[PDB]
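In: all I have is the shape, not the residue letters:
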Ligand SMILES: [Ca+2]
């Protein structure tokens, strides 16, 4: 339906809602006015106990077969957290219904002192469901996300 260069999703978190982002694990995912990269608000994740926990977003309705997309956003650790590495991952059901974990970007070191840009391209060849999440190998890190975007690079 879309063409190269089109915005598929854009999240500033400047209204009341998490704009579809939801908890993965027994975590708390909500909007905060304490910190932001742009505007007044960002998306905050706390209460992580395992490394696979984080804020998550279904992409099932956003990304379709063989489309190349570009996923980006700005991240920062919650005040007090030690330096930790953050990346985006897509959990995908393949053609057979089997679970696959696809890498979007290399993990970047992030601190509680500055916002860091994360970005990578993504596509898939077979599958029925797609779930994006933001994770750290540090199982207890808490962190913020702002100015999240997905852009179509190449139509299918
Ligand atoms: Ca914002």
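Out: Arrived safely, thanks for sending. Residues are numbered from 1 along each chain as shown.
In: packing partners of the longest strand seen in the chain?
Out: Ordering each strand of the chain by length in residues (DSSP state E) puts strand 143-154 first. Strand 143-154 sits against strand 7-11, strand 42-46, strand 68-77, strand 129-136, with contacts defined as 3 or more Cβ pairs under 8 Å, 6 or more residues apart in numbering; DSSP states H and E. Yep, even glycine has a C-beta here, placed from its N, CA and C like the rest.
In: the same query, at a cut-off of 7 Å, please.
Out: Packing partners of strand 143-154 (3 or more Cβ pairs under 7 Å, 6 or more residues apart in numbering; DSSP states H and E): strand 7-11, strand 42-46, strand 68-77.
In: wait, does the first one contact the ion?
Out: The reference is to strand 7-11. No - applying Cβ under 5 Å from the ion, one finds strand 7-11 separated from the ion by no less than 8.3 Å.
In: can you list the buried residues in that strand?
Out: Buried residues in strand 7-11, defined by neighbour count with 16 or more other Cβ atoms under 10 Å: 8-9, 11.
In: next, count neighbours for the closest residue to residue 50 other than its chain neighbours.
Out: Leaving aside its chain neighbours, residue 50 sits nearest to residue 139 (5.5 Å; criterion: Cβ to Cβ, 6 or more residues apart in numbering). Using other Cβ atoms under 10 Å, residue 139 has 13 other residues around it.
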